[PDB]
């Protein structure tokens, strides 16, 4: 897709990852963070910050720290929305 659609899908999935994370839905946050990341990579400086945070969100999620994965996914949205 073009840049716009990828950024949009990256934001939407990151929003859904955040929403899952606040509910403690670790695997669902992971599923969406990974979809967000695929789109953010396909959209590829705002985007690069978003990618870094999504990668961090996935690492922390895989580590059982869904609060920390959530915050990183929120940070990714801020950056992706910047872009």
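Numbering follows the first chain given and starts at 1.
Count the deposited residues lacking coordinates between residue 44 and residue 45 and you get 4 to 9 of them. A summary of the deposited B-factors shows that, of 10-18 and 59-67, the stretch with the larger mean C-alpha value is 59-67. With 26-34 and 45-53 compared on mean CA B-factor from the PDB entry, the stretch scoring higher is 45-53. Split the chain's modelled residues into thirds by C-alpha temperature factor. Residue 77 is in the middle one.
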